[PDB]
Structures are given as structure tokens and as C-alpha cells.
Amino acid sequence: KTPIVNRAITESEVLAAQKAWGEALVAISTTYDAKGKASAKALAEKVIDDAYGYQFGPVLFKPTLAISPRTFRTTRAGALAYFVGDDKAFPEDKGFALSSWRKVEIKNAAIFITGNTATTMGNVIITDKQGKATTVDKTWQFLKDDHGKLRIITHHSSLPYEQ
């Protein structure tokens, strides 16, 4: 068979990367519930290093519950802080991943594959240990890196508009 390099993203790679983020959020949450803040922060660090693209420079990350001065988490510390708190530079952050999450459901509205990147827009439903479901409107953008792995370079999460 002809030796090939495929820098392009497939549908199945995008769907996998969406789930992988869900699994990573939950893994952080159950690890906090079970082993405390220090173990979660260390798990969260490896998760961000793995699934995000802060290595390339800024990530276009607007987290769901980020407050109006510190809205855009363009740095690795900004992401970690949003998910597990424990950073005095982000004093409004208690840790979004620390609410005992257990189930994440992806409901895509549309996917756009532009070759090396892919953008998804739809709903994500995050359910805690007691079945308290939070619905968010989520845009992700994935870049396939030089090692063939999908990295979040864009992450816009918003609570559905009510009024």
C-alpha cells in the first residue's frame, strides 16, 4: 500500500475529540471527589497540555462561567484556574470541574471541516452525581498537530439566552 500522510481531520476524529474532552472533564471531577484538590489540579494540568493547544500560543477560550474582567483564558494558567481554581490571579474561580460531573452528552448542530482544522457548534449537556443537568451552547475548533492529534485552539461556551 502507498505510504501516505493525512494532516486532514475526519468526522470520526472530531466526534472522538469531543468525547475525549467530556471524559477529561469527568476524570478531573471524580478525581477531586475521591482524592482532593492537589490530585485534580495535577490531572487537570496533563488534560490541558494534552487536549488544548497553548503550546502554539494563545487558545481562543471563553469558558461558560468566566466573569467579565477575566473572560478570555488565552494562557494555560487561565484554563487550569477556570477548571480547578487555586490561583490568586483568578480570584473569582472556585473550579468548574469540581461540581462532581459524571455524564457529558454532545449534541452537534453543525460540523465544518476546513482541512487541517474542524469547527463544531451545538449543545453540550453536563450532568453531576445527582442528575443536575447544565446545558451549554458550545463552539470547538480542533487543529490536527504535526503528530496527528486534535488540539482545541478555539472553545466558546455560553449558557442559553433566557428572557
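Each residue number is its position in the shown sequence, starting from 1.
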Item to complete: Tell me which of 27-35 and 49-57 has the higher mean C-alpha B-factor in the deposited entry.
Response: 27-35
Discussion item. Sorting by Cα B-factor within the chain, modelled residues only, which third would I113 end up in: lowest, middle or highest?
Written reply: lowest
Worksheet item: By the record's CA B-factor, is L98 among the lowest, middle or highest third of residues in the chain?
Response: highest
Worksheet, complete the sentence: Among the modelled residues of its chain, the C-alpha B-factor of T134 falls in the third labelled middle
Discussion item. What third of the chain does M121 rank in for C-alpha temperature factor, lowest, middle or highest?
Written reply: lowest
Discussion item. Per the entry's values, where does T154 land by CA temperature factor relative to the rest of its chain, in the lowest, middle or highest third?
Written reply: lowest
